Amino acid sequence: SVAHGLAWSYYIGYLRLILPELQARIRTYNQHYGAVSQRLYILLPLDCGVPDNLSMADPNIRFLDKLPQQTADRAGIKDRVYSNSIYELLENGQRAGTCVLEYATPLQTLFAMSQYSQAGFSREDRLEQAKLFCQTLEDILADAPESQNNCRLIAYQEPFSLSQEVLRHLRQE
């Protein structure tokens, strides 16, 4: 299926390559400077809405800083750069958490495919595929311990506070 392949590709092509190096980047950041929490918090909106700016989705999510970049030679790209961003999570005007956060970009592929006729992908099948992307990613991570411990999957449907969604996960350690 479309979503099964996308979850495998997001793991093989991205998570497998950044998650074993994330802990050291967060520690380096924290040693230089409350501490940024460990783990990459991966946003998984089941509606497949992937905005580029997080403060726009929720003003209680405020950009703090970029984590020091990771570079690696990848598929002929010398020093391919992996950038990740750190956000503060506010609750009633107070800082309640600080974490590395981003959306799983393959969910945007499902959104685009449901818009373009040539993709042969209907909007009516998009939610089932979004759920299958999340489930497959959870299944893969259950067999990759170092990656599983370095990320947290944040799946949600809006009928909303995105910061409260992230904080609930951050608060379960």
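Don't overthink the numbering: it's just position in the shown sequence, from 1. Here, rigid core means the biggest group of C-alpha atoms that superpose within 1.5 Å across both forms.
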Following superposition on the rigid core, is the mean squared CA displacement, expressed as RMS, greater for 120-128 or for 42-50 in 7 other deposited structures of this protein? 120-128
Of the two stretches 14-22 and 147-155, CA positions deviate more in 7 other deposited structures of this protein after rigid core alignment for 147-155
Chain break class at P159/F160 - deposited residues not modelled: 4 to 9
Please say, as none, 1 to 3, 4 to 9, or 10 or more, how many residues of the deposited sequence are without coordinates in the interval between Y33 and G34. 4 to 9
Mean CA B-factor: is it higher for 123-131 or for 56-64? 56-64
Per the PDB record, is the mean Cα temperature factor higher over 66-74 or over 106-114? 66-74
By its CA B factor, does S9 count among the lowest, middle or highest third of the modelled residues in the chain? lowest
Please place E146 in the lowest, middle or highest third of its chain according to the CA B-factor in the PDB entry. highest
Can you work out whether the C-alpha temperature factor of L19 puts it in the lowest, middle or highest third of the chain? middle
What third of its chain's C-alpha B-factors does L40 belong to: lowest, middle or highest? middle
Cα B factor band for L167 (lowest, middle or highest third within the chain): middle
